[PDB]
Amino acid sequence: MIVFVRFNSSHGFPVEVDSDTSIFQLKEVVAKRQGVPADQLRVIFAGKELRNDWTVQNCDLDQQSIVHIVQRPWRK
């Protein structure tokens, strides 16, 4: 599973994992590699906000999906 992790900004990074998967899962992959917490903020995919079975793979995901994450920003 490889999904692009996008932050609420014009900036997206390719992630090799399902990014919309359950709120715990999605937030984990993003926020973990996002240089941020895990599930602090909110994560989204294909316009559908973090839904365990409605937004993730059980939602409508392909091998190469793109998820829009709104994770907590990094503080240098």
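Residues numbered from 1 in each chain as written, not as in the entry; some residues may be left out. Heavy atoms only, no water.

- As recorded in the entry header, the structure was determined using solution NMR.

- As recorded in the PDB entry, the protein goes by the name parkin, listed as coming from Homo sapiens.
- Under its PDB record, the entry appears with the title "Solution structure of ubiquitin-like domain of human parkin".

## Here we look at the sheet that holds strand β1 (residues 2–7)
Inference 1: The five strands are arranged β2-β1-β5-β3-β4 in an open sheet whose pairing can be described as mixed. The sheet is open, and its two edges are formed by β2 (11–15) and β4 (48–49), each paired on a single side.
Inference 2: In this structure, β1 lies alongside β2, joined through five bridges in antiparallel fashion. Along β2, the bridge assignment pairs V3 with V15. (Pairing = 2+ DSSP bridges. Helix = DSSP H or I, 4+ residues; strand = E, 2+ residues; numbered from the N terminus.)

## Details of the environment of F4
Inference 1: You can see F4 is positioned in strand β1.
Inference 2: Residues contacting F4, with those up to four places away along its chain left out, are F13, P14, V15, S65, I66, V67 and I69. (Contact = heavy atoms within 4.5 Å.)

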